[PDB]
Structures are given as structure tokens and as C-alpha cells.
């Protein structure tokens, strides 16, 4: 794998919400970011409170067991497309972490910011949106974490984009994988 600006990278978060996210979204992925080459060095643009750039080596090390998978638009992006993603990403830097998973731009969560950058830079929708209530909220671990964060005021009608949703976007192919399934 030769990292390129725009590559979308996924990992298992070590945060306490990570398991609930995996369960609700039927996914192994609980954190995502987008590669940005800065002076030819790979950084991961990610919404972690705040939205920021992180050196790729450090980003990967933070994932559980160092596991990661990388998706890229099939056939690659042009240099011009890459420069538009990089440019747009700049507009979200410094935004705090979106603890509400709200679709407003005030704060950002991980898959929200990757989705919004692709949409605003290239007009690509990289992933299906659905309502919070449409996820799988049946597991008691999931219900406990929703209670912890939201109490009774769960935003059931909120438009959300999950990491799994971005992963399964039709444009994408896998270009790197260090993820043993044993």
C-alpha cells in the first residue's frame, strides 16, 4: 500500500463506546479517518475532539491490536481530486467531538467528517445515511450506553452515517488490510 490523500482508514477504537458502536452498526469498525499527504508524509485527518491531523504510525498504534483496513475510490483519485479533499478537510479542523451524533456542523464525529468532506469536495456520497432508530439498538449493552449518554432524550430521528456505512460505499475498493480474522 502506497498511502494517498483520500484513502479512508478504519480501526477498532479502544474507547468505552467502541463495543456499543460495533453492535449497533453490525460492524468491526468503530473509528475512521481519511489519509492526507502533507509534504509527502501520511497523516490521518480524523474527528476525535478536535478534528485534527495525526501521524499515520501513531493513528494505527491507537487501534486495538494495531488492526486496520484501508478503502480507496476504485481506480484512484486524480491529483486534482486529492487537492480538493485536502482543501475541504481544512474547513473542519478544530471542530470539537460530536457527543450527540448530530448531523449539524457545530461538532464532528468520525464518519460524519469523512462523509462531509467527500460530499463537499467532490460531490460524492460515500455511504448511505439512515436514522439513529434504524440501527440495531436491541442489545442491552447498546441500550445502557444510550442511557448513559442521552438519558431519555435519545435523538431517534437523527440522520446518521456509520463507519460501516462509509466502508460499504459503492465507489470503494480495499487497498490495504492488516486485519487477521483469527
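Residue numbers count along the first chain shown, from 1.
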TODO: Using the B-factors recorded in the PDB entry, average over the C-alpha atoms of 110-118 and of 153-161, then report which stretch comes out higher.
DONE: 153-161
Open item on the list: Going by the mean C-alpha B-factor recorded in the entry, which is higher: 173-181 or 2-10?
Closed with: 173-181
Open item on the list: Looking at the C-alpha B-factor values in the deposited entry, which of 37, 34, 70, 142 comes out highest?
Closed with: 142
Task: Lowest, middle or highest third - CA B-factor, residue 22 - done: lowest
Open item on the list: Using the temperature factors of the C-alpha atoms in this entry, rank residue 137 within its chain: lowest, middle or highest third.
Closed with: highest
Task: residue 51, C-alpha B-factor rank within chain (lowest, middle or highest third) - done: lowest
- [ ] Would you please rank residue 127 by its C-alpha temperature factor against the other modelled residues of its chain and give the third it falls in: lowest, middle or highest?
- [x] middle
Task: residue 61 CA temperature factor, ranked by third within the chain - done: highest
